[PDB]
Amino acid sequence: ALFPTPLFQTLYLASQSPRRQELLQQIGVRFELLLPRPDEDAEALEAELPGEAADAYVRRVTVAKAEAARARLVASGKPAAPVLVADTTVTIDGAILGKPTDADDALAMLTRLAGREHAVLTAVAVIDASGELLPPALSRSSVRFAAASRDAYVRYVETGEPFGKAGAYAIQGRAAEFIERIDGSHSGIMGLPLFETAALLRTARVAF
Amino acid sequence: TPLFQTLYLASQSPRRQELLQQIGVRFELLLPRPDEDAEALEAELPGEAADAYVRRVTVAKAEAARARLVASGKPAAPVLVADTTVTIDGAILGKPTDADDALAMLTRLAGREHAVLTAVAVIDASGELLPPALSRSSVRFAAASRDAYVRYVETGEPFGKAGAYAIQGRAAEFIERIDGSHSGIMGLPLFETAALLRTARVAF
C-alpha cells in the first residue's frame, strides 16, 4: 500500500447522513456537504430492479449517486476536489428490508431478524478531483440477533428507536442489547466502512 | 419489573461511560479517591493467561468498587465494572508506557489477528456480586507499514488503550475486520452488560 502525498485538504461529502458525517470525522477527514439541489430527485436513484441480488443493487445505486454528485459539483462551479458517496442495504434470505411503516411492521421485521444472522452491505464510491470514478468498494457484514422474546422486542419498539431505520434497528443505539455478535465492519454497518473508505481517500489524495 | 432508575458505574473511562449512555441507562460514578492506587489492581500475575487475567482483575475492580460505595455513604444501587485486555500469541498487551512501547505493540499486531477480551461484572442493589460475563472478540490488522504506524502514534490516540489503538478513532484505517462485539473491544460489551442490568432490575 503506497500512499501518494495528499493535495486536497477538503473532501466533498454528498450525503445527508449524520452517521456517515460522524465516521468521516472519526478518521480526521475535513469535508464540505454537497447535497442534492431542490430540482434534483435524489430518491429516484435508489429504486431496486427485479431479480437483482443485493450486492449488485447497492453497487449500482452507489455508482449512480457518485455520477450525480460529480455532475452536481461541475454545475456548482465550486473548486475541484474529490467527492464521496455511499449506500447501505439490510438483507435476510436475499430480501431487502426497508423502514417500518408502523409499530406492528417494526415488530414483524425484528421477529424476522430474531434468532438469526442477517447481512448488512455498504458500498462506497469516490470520484477523484479530475472526475475519474475510482473502483467502488463493498463492505459485507453479518449481524446476529438474539431470539430474546416477543415482549422484549415490543418493549424495544415502544422506545421509538426502530422508526426511520432500515430493518427496524440501529446498531449504534439501544438495539445493541439484542446483538450477540457481528462479523465484518461496525462502521460499514452504520453506513460508511472506514477501512475501505480510508483507502479510497488516500488514493484520491485527501489529507487526513 | 425494573426497580432502579439509576446505577453506579465504577469507571473513569470515557468509552465505557459513552457506551452505557448508548443503551439509555442513567448512572452516577464511583471514581477512585486520589489516595486509592487504582493502577495496582491491574497488575498481571507471572505466567497468567489473558483470559484468567481480565476475569480476575474485573472481580477485584468490583470489590474495590463495593468498598468505594460503602465509604462514600451514598445510597444502595447496582454497581458496574469492566476490564479489557488485548492478547496475541498468548501474551498480554496493556496500555503503552510511551511512544516506543505503543509502536512496538502495533508492530506486533500488524498483519495479524488478535483477540480483545472484556469482562464485565455487576453487584446488585442487595450487595450480591452476580456471575461475571466475558466478551471475546477478534480483530484483524492490515500489514500497513512502519511509517503508517509511526504517524498514528504521533496523533496520540494509542495512549490509555490496551494494545495501543482505539478502534473508534483513526485506527479504523488499518482494521480490516472484526468478529464479536465493537462495544466489547471498546471496553463495555453491550449485549452481556444489558443482560446483567436487566437481572439487576435497572430501568432502561
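Here are some notes:
- Scope region A:10-32; condition surrounded by fewer than 19 Cβ atoms within 10 Å (Cβ to Cβ), outside any loop (DSSP other than H, G, I, E, B), under 16 Å from the mean Cα position of the chain (by Cα) and away from chain B (no Cβ under 14 Å); matching residues: A:18, A:21
- Of the numbered criteria (1) within 22 Å of residue B:135 (Cα to Cα); (2) touching a strand residue (DSSP E or B) at 6+ places or on another chain (Cβ under 8 Å), the one residue B:5 fails is (1).
- Residue A:151 being within 13 Å of chain B (Cβ to nearest Cβ), assigned to a helix (DSSP H, G or I) and of a type in the set (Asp, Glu): yes
- Restricting region B:118-136 to residues that are buried (at least 24 other Cβ atoms within 10 Å of the Cβ) and within 14 Å of chain A (Cβ to nearest Cβ), the residue that is nearest to the chain's Cα centre (by Cα) is B:118.
- Screening the candidates A:187, A:141 for the property of being assigned to a helix (DSSP H, G or I), hydroxyl-bearing (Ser, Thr, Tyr) and touching a residue at least 24 places away in the same chain (Cβ under 8 Å) yields one hit, A:187.
- All conditions but one from (1) in contact with a strand residue (DSSP E or B) (Cβ under 9 Å, 6 or more places away or on another chain); (2) of a type outside the set (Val, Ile, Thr); (3) more than 30 Å from residue B:6 (Cβ to Cβ) apply to residue B:189; the one that does not is (3).
- One residue alone among A:64, A:69, A:75, A:47 is without any contact (Cβ under 8 Å) to a residue 60 or more places away in the chain, crowded, with 20+ Cβ neighbours inside 10 Å, among the small types (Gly, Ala, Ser) and over 30 Å from residue B:149 (Cα atoms), and that residue is A:69.
- Index of the failed condition, residue A:106 passing every other in (1) out of contact with any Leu (no Cβ under 6 Å at 6 or more places or on another chain); (2) crowded, with 17+ Cβ neighbours inside 10 Å; (3) within 14 Å of chain B (Cβ to nearest Cβ); (4) assigned to a helix (DSSP H, G or I): (3)
- Residue check: residue A:100 meets all listed conditions (1) buried (at least 19 other Cβ atoms within 10 Å of the Cβ); (2) of a type outside the set (A, V, I, L, M); (3) within 27 Å of residue A:194 (Cβ to Cβ) but one, namely (3).
- Flag for residue A:52 being in a loop (DSSP other than H, G, I, E, B), surrounded by 11 or more Cβ atoms within 10 Å (Cβ to Cβ) and touching a residue at least 12 places away in the same chain (Cβ under 8 Å): no
- Considering residues of region A:33-44 that are among the acidic types (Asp, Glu) and assigned to a loop (DSSP other than H, G, I, E, B) only, the residue surrounded by the most Cβ atoms within 10 Å (Cβ to Cβ): A:40
- The sole residue among B:144, B:194 that is at the interface with chain A (Cβ under 9 Å from one of its Cβ atoms) and at positive phi is B:144.
- The selection criterion, being within 25 Å of residue A:23 (Cα to Cα) and among the basic types (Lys, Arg), holds for residue B:170.
- Within region B:159-184, the only residue that satisfies the criterion of being assigned to a helix (DSSP H, G or I), facing chain A (nearest Cβ under 7 Å) and either in contact (Cβ under 8 Å) with a residue 60 or more places away in the chain or on the phi > 0 side of the Ramachandran plot (or both) is B:183.
Note that each Cβ is placed from the backbone with ideal geometry, even for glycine, and that neighbours are counted across all protein chains shown. A short reminder: the numbers here are calculations on the coordinates, not readings from a lab.
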